[PDB]
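A structural walkthrough
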Amino acid sequence: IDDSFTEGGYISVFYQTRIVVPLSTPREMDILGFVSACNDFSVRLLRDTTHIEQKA
Amino acid sequence: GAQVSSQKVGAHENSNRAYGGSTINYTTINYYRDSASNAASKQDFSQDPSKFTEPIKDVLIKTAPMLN
Amino acid sequence: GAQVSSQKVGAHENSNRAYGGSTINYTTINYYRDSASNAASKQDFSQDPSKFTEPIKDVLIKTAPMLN
Amino acid sequence: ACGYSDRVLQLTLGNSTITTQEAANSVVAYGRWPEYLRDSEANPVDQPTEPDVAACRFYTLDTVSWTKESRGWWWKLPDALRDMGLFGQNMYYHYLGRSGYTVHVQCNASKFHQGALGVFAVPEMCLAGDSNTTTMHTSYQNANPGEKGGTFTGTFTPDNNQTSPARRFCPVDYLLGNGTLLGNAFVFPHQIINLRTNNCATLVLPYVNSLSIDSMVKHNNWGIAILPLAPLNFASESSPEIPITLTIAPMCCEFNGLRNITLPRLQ
Amino acid sequence: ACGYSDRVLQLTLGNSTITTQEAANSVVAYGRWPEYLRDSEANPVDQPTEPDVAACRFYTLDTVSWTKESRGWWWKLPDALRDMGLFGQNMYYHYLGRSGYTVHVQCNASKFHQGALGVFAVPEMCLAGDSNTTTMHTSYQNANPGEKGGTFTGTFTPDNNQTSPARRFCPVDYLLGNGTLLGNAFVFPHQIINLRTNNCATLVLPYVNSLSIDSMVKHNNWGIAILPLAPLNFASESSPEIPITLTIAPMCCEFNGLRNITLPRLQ
Amino acid sequence: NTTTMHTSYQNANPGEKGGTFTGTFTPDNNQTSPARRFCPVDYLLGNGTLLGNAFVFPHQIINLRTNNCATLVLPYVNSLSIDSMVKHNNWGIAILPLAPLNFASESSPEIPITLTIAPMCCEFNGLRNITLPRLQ
Amino acid sequence: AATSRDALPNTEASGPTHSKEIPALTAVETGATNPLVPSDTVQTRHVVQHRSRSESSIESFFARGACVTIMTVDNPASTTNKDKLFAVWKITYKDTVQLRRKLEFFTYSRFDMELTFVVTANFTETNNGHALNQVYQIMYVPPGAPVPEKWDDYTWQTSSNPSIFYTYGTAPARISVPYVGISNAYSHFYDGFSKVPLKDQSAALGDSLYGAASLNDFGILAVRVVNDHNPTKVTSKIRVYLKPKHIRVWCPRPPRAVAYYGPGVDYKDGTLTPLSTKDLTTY
Amino acid sequence: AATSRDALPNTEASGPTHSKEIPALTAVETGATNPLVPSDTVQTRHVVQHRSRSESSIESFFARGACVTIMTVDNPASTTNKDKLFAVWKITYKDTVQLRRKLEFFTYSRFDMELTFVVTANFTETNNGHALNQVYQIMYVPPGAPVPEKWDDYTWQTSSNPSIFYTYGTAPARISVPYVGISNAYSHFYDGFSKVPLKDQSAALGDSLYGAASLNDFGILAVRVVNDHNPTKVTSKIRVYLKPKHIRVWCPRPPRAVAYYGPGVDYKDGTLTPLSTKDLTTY
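What counts, and where the lines are drawn
- Residues numbered from 1 in each chain as written, not as in the entry; some residues may be left out.
- Chains lettered and ligands numbered in written order.
- Part of a larger assembly, values for the part shown.
- Heavy atoms only, no water.
- Helix = DSSP H or I, 4+ residues; strand = E, 2+ residues; numbered from the N terminus.
- Rg over C-alpha atoms; globule rule 2.2 N^0.38 Å.
- Buried < 20%, exposed > 50% of the residue type's maximum accessible area, 1.4 Å probe, protein only.
- Contact = heavy atoms within 4.5 Å.
- Areas by Shrake-Rupley, 256 points an atom, 1.4 Å probe, with all protein chains shown as cover.
- Pairing = 2+ DSSP bridges.
- Buried area = accessible area lost by both parts, 1.4 Å probe.
- Salt bridge = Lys/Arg side-chain N within 4 Å of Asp/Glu carboxyl O.
- Polar contact = N/O pair within 3.5 Å; in protein donor to acceptor, adjacent residues only side chain to side chain.
- Nonpolar A, V, L, I, M, F, W, Y, C, P; charged D, E, K, R; others polar.

- The record names cryo-EM as the way this model was obtained, at a resolution of 3.700 Å.

So, the overall build of chain G
- Counting its secondary structure elements, chain G contains two helices and twelve strands.
- Relative to the globule expectation of 19 Å for 283 residues, the C-alpha radius of gyration of chain G, 27 Å, shows a markedly less compact shape.
- For chain G, the C-alpha atoms occupy an extent of roughly 90 × 60 × 45 Å along the three principal directions.
- A burial count over chain G gives 49% of its 283 residues as buried.
- For chain G, the share of sequence-separated contacts (at least 6 apart) that also reach a separation of at least 24 residues comes to 77%.
- Carbon and sulfur atoms provide 56% of the accessible area of chain G, an area that totals close to 13300 Å².

A word on the sheet that holds strand β9 (residues 222–233) of chain E
Residue and element names in this part refer to chain E.
- Ordered by their spatial adjacency, four strands build an open sheet running β3-β9-β6-β7, and the pairing between neighbours is antiparallel. Across the chains shown, the open sheet's two edge strands, defined by having one partner strand only, are β3 (73–74) and β7 (190–194).
- Relative to β9, strand β6 (residues 114–123) runs antiparallel, the two sharing nine bridges. Directly across from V122, in β9, lies its bridge partner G223.

Focus: the arrangement of the chains
- Among the 20 pairs of chains that make contact, the interface with the largest number of contacts is formed by chains D and G.
- Separated throughout, chain C and chain E approach each other most closely at a C-alpha pair spaced 25 Å apart.
- Spatially, chain D is disjoint from chain F: no contact exists, and the shortest C-alpha separation is 30 Å.

A short note on the interface of chain G and chain D
- Taken residue by residue, the interface counts 48 residues in chain G and 61 residues in chain D.
- Approximately 4500 Å² of surface area, both sides summed, lies buried where chain G meets chain D, with 61% of it carried by carbon and sulfur atoms.
- Taken as a group, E29(G), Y210(G) and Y267(G) account for 17% of the area that chain G buries against chain D, more than any other trio of residues on that side.
- Summed over the shared surface of chain G and chain D, the number is two salt bridges.
- Viewed at the interface, chain D and chain G are joined by 22 residue pairs in polar contact.
- Put simply, the parts of the chain that give the side of chain G that touches chain D at least two residues each are β4 (106–110) and β12 (248–252) of chain G.
- Split into classes, the residues belonging to the side of chain G that touches chain D amount to 25 nonpolar, 14 polar and nine charged.

Structure representation (structure tokens):
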């Protein structure tokens, strides 16, 4: 939960140079990011996800 | 026909045995003839996430270059 | 998987055994798979009050003079 | 040693042969590779027929054009093939048909184009219709597009005609058609064809289903769903267009209980 | 065997990690690789402090823009870093500081650009000032440009202001700033980043100095000096521009005699 | 006496200078905006608990007649393996005059108490950019 | 041997590097995800990891018993002009969002349904009346058996219909059920029809709804008020809680993103927007 | 081996003396306390001491189960103009003075919370009415989960929220909970803030209360009246008794001297005077 005491940290990608392209190239390419846990990760104390509500 | 198994105690003080040494067990007894009535034994396993993480028609060495 | 232990009887008459001799035991059986559900086994220990009473960067002999 | 570098392959199932050169080392559904029905888990009691080479070979369906406004495409395998040579004729002739697959999604550009096509092989891909009144009412004739396949859409449009409806699926893309986020869709056996690198994706899919061997005319199994992740761009040009084309190959298939020919109202 | 071809590396000093892909198999100053001070040749008698991970990691300084009129740039390492995290704070806190380095000069273009950047790591790089009257009078404040670094010039310009002078270095490029031909400069540990091929140069520099361990605030050791050998050109276009960016990492460093904080007049 | 724990950081961490116990409690009334400080009473060891019973924590009484210093070596104690610093505090020293100072029939005498601390076996994880707390 | 309550592979130590080994670089086209351990992109110490996945195991995820449905039933006065209310619910988890999303992460499932009943009850009308402790009958009417007509009819004789007689106010009733599936796993998602349309037939004669398989998979629950029409009308509610015990799951499908609509995966408009706002450049 | 139920070191005999040994004299500066036995300042006989500390052991001190909180909830008539009352208490011992002073002697603690519920109930209004034995739901809503809106809402479906359905008038409900702490001991006293203030931010954006750690450590308890609006309005009270079972304590802090004030150690004026009067020279 967004708790202050148990804060996560901060992730952030910057250009270390710049995306350089030759002539006759699409000057605006896009990057897709993916995320996953590692054989170390684990969770505990099960609850009900806020994500899906049953209205009435 | 007792089913005695070891609990996974977190070495708690005066729980029976911990950082003074000792183990902790619990008796179980299936009472009904119909299996689908037994208590979910919670002694479940864990496979390697490979059939989903690492599924390829070859083998992948991490220190190696992905797209060879 | 019985957990039989000795009670600390005060040698009471006709309690099972005392000043006529004999011991007194009690059966226990952890029933739940989750340890944090076992009965507080009350067979707790006792450390020396030294880490609080006698805590010094040296050693203290009682018959000796305190501030040497 | 030699140039046996992951980038080149040479699939040969049946009498057909694919030989791609930018090949991103193929995926095998769930480690499990396609195989025949072990007697230990068999169900129907007659002799199962097995077209073998007669069917097992690669069948190219029809190509799809890929522009900027392209919002994705989707096939329903068991069905997708229904015509393609004997696997078409055997398809109908039997009440039961267990078949494995090898989908090779072909699509190549020049070093100057850009884009990524996420080729997701979803088992039991139940896409959602388009009638806010009644649910699941989607018509068969319409529900099984075959060799042509269907196509994901931009934003949902409810079917209002009700004297008699249009009974089709209205599969939205960000929700992978089955009301569930695309960004999370990378959980099914899949490969992203990323134009810069590989120019094809090869997924070998072993028959998956709650039953030993099941129907075909009826029940579908795997369903391919190709979605443009990174939209296509080429040069300050109005609009570019590359043609994505899949070729599927039914592997270790077997069919039970021969009858008279099935002739579904596909029209 | 595999793609462990010289062209790809994965530097990891400290908690940072560089992973270049056009990598021209790196240079190790003089065979000798960076290491700690062996008791056999030590000098100061107290316990030497060693930030280890706290300092050893990679610190990106600030990027330099690279045009056609660009005449080269120059850094003074021991100093160049002075801010960069703890290696900055430990830097000042001690009278003595022996530190080794790993400079990774990052700069990539497209297959359509052209040019070669000679990245020369000169030990004891004493650049020459600009006052035809008095020699060496160059001011400290000015002599140590830090994170920003200085830049080589076209042709020498004598500082005339003498009521009070400009006290700066006027480093001419063909003379490698220290009055000695560039064409002969290929004698120091170096790598030419030649845009066609590699898109970075990595030189590992082991602490070199007449003393076991010396000062830092005062005396400088290695000094990087990047000069455009082959001028940059791209298409019949007025002027092109690619951005060269170095990232240095202080390795096996140790510092002696802790005090109060040094606060040099850098302004 | 209105809100509890509302004590401000800037004020809660006095650093090199440290704070000082008081005679009798004085409630902060300013409320357009408050003074947000601790009002630590001495007989209650600042944390509402008798001083006479305080001899339970690791301690030494510097008793002018005898010793002229007290040395306590404190090993990191905390519910966590390693924790924060900028945030969470661990040990806290609190020097209180048990026997009040007297010297000769003189108006008032004055001796200067001075502590010197030494951080031992310390280690720190996850390097970042510099923290710069609003200590002012 | 690798059970769920083990202890994640302890973090191994690791110093500097400069190898031609390239752990950090992937290439997602392969679909394979780089199994990079913390030990790769940074220098790690030797942590003796105690934490275990003992709670996230497929068995424990579904360790709590969810509420599959509520069932209103009431015993009115004999003189009631209306027929006596006996609710009848068709066994199928798909009635409430909760358990339905958990199961839905997986394509197929084989579990032993362990149904429990928390029955409650109040006096409807303002009238101040009394009622001797009611007893309820919860008859399981197997797929195809005759579903109860009147409240008190022959169907309730239950000569062969697994039924439970719960006395009000007592330990809530519980009956375990083994995998009653016709197949080899309950298919949480069925792609295809239950009747193929055939040209030599009318568009009607052979049609059917998409995604529907068996007419009555799990079954139906008939629940009456067993006592007779009592002057003080008492309505009751029988909340059934299903907890999948001995369970197994296959093919990890992505979780439901937009509000559920009907028995089929279909989705209503409006509810179509799930995510929240956030600036592409603000922490 | 030295357990809690042993028997204090038996008193050894001892005659006259005139030694240069000086047991009696200490010097408290050392902070060490002279472990002088009765046998030192007087001639003692040889007593065979039977008494044992078996009851003062850390485990037995906390052997009784204290009342952490009371929770009022009530089921009113359907026609009630006001919404139906379902109390919601945030798990935290710090509500009553008793258990809060015992725990507070120690700086840190690791215990297994064993929560029991003694639920009671009476008819509010003068009106002479009846009510069929009510059944209560005591849902544990884990830190961060959605806290219940209306009395009867979806939140109560409880697909994954450890809940108990207590039938009124029966053996009082009990559920054991293991150390649910994020750390390695519940910190009875947290010195420091949950968010450090940073100069490049507004005084507000980054502030926080002293002593506060996690927003929801232990959790919250939702308790409803499960039955429907009944003509006779019945209010109930659920007194929760927490008894720390498998427990451990660290750093012996001096007991609370002046009346408690709020969740934080802070103290109100007036209550500031704890001791009693007595003449420095009267027995």
